[PDB]
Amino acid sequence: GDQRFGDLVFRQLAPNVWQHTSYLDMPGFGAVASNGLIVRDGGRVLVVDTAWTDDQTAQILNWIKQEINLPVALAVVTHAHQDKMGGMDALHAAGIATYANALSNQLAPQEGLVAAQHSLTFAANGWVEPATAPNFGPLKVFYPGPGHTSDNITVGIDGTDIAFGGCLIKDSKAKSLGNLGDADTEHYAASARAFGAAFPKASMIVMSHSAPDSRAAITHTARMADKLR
């Protein structure tokens, strides 16, 4: 269920996987949730995405200290927007090595964000070039093409049924694709399908702005993206 820790929410999705949720007030939408992941890999912890702010991200780290009590080996952030990279300074202050798509690190300063310390690059097939993602353990990082943003990336967890679409993917009942100011309207639809095809057996699709959903989240997202082209 939803464990409350301060102003954040943590939900266990699998024996070694939790979803972190943090909130930010946005005009016309109230308090908007953003979700990322925490993965225990043996004797270390891996984080996918920051919370919206440094203070919230520090609380993620305090939750990890309380519930898992193992070092956070690295954090991977899924593109250059506040909900995914707003807490980078908090990770660095804690001594945690950070990774992002090279394109995200290029965009970060212009977006008013702090870049990750290491850049991931991607083969033509979308899969991360493995030498650029050392010690990622069970995290399988995939660039599906431009969609929600030019730099958006996605993450599957080996040995689980979970794939994380970040902000590329909306739930099966979502009424819109959300924030499209930096979207690639020509390629969004194909990128959504590419994510589904890269993680074909994942039955739990985790995403930034809805609770985990079935693979129908992918088909439904791709359909609305079809209307932008």
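Each residue number is its position in the shown sequence, starting from 1.
**Q** Could you settle it for me: does 70-78 or 120-128 have the higher average Cα B factor in the PDB entry?
**A** According to the PDB entry, the answer is 120-128.
**Q** Mean C-alpha B factor from the entry: is it higher for 191-199 or for 51-59?
**A** Per the PDB entry, the higher value belongs to 191-199.
**Q** In terms of recorded Cα temperature factor, pick the maximum from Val17, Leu24, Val206, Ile218.
**A** When the deposited C-alpha B-factors of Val17, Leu24, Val206, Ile218 are compared, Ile218 is largest.
**Q** In terms of the chain's CA B-factor thirds, is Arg40 lowest, middle or highest?
**A** Bottom third by C-alpha B-factor.
**Q** Quick one: classify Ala174 as lowest, middle or highest third of the chain based on its Cα B-factor.
**A** Its C-alpha B-factor belongs to the highest third of this chain's values.
**Q** Lowest, middle or highest third: where is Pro138 by Cα B-factor in its chain?
**A** CA B-factor rank for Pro138: middle third.
**Q** Splitting the chain's C-alpha B-factors into thirds, which one does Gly87 fall into?
**A** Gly87: CA B-factor falls in the lowest third of its chain.
**Q** If you rank the chain by CA B-factor, which third does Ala33 end up in: lowest, middle or highest?
**A** For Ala33, whose C-alpha B-factor we compare with every modelled residue in the chain, the answer is the lowest third.
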